[PDB]
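Everything below concerns the one structure shown next.
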Protein chains: 8
Amino acid sequence: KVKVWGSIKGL
Amino acid sequence: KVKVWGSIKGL
Amino acid sequence: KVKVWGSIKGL
Amino acid sequence: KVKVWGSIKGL
Amino acid sequence: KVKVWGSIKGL
Amino acid sequence: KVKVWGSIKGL
Amino acid sequence: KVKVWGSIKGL
Amino acid sequence: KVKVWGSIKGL
């Protein structure tokens, strides 16, 4: 399992 | 703010 | 599947 | 207010 | 695909 | 009223 | 691509 | 910033 998390820079 | 989440399919 | 959700800051 | 939603293609 | 929808505040 | 819509390139 | 369109309210 | 982490299933 490869998880992804975050927020898009500049938005 | 634009959040991003989940998992990479196939991994 | 990597979902995305939010709003554009400043708009 | 500008909504952002969806998923990252390929993930 | 990451969609965007709204209006510019104040305008 | 000033609408904003579309999709973020590369996503 | 994120498009923007309308008119400034009150003007 | 959108972080990615985990391990590949089956390996």
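FYI the Cβ positions are ideal-geometry reconstructions off the backbone, even for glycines, and counts take in every protein chain you see. Values in this text are rule-based calculations from the coordinates and carry no lab data.
Around the Cα centre of the protein assembly as shown, unit charges on the Cβ atoms of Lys, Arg, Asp and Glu (plus for the first two, minus for the last two) sum to a dipole of about 60 debye. For the listed residue pairs F:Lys9/G:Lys9; E:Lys9/H:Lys3; D:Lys3/E:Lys1; A:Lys1/H:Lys1; B:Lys3/E:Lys9, the alpha carbons are over 25 angstrom apart in F:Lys9/G:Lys9; E:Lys9/H:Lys3.
Rounded to two decimals, the Cα-based Rg/Rh of the protein assembly as shown, with Kirkwood Rh, is 1.13.
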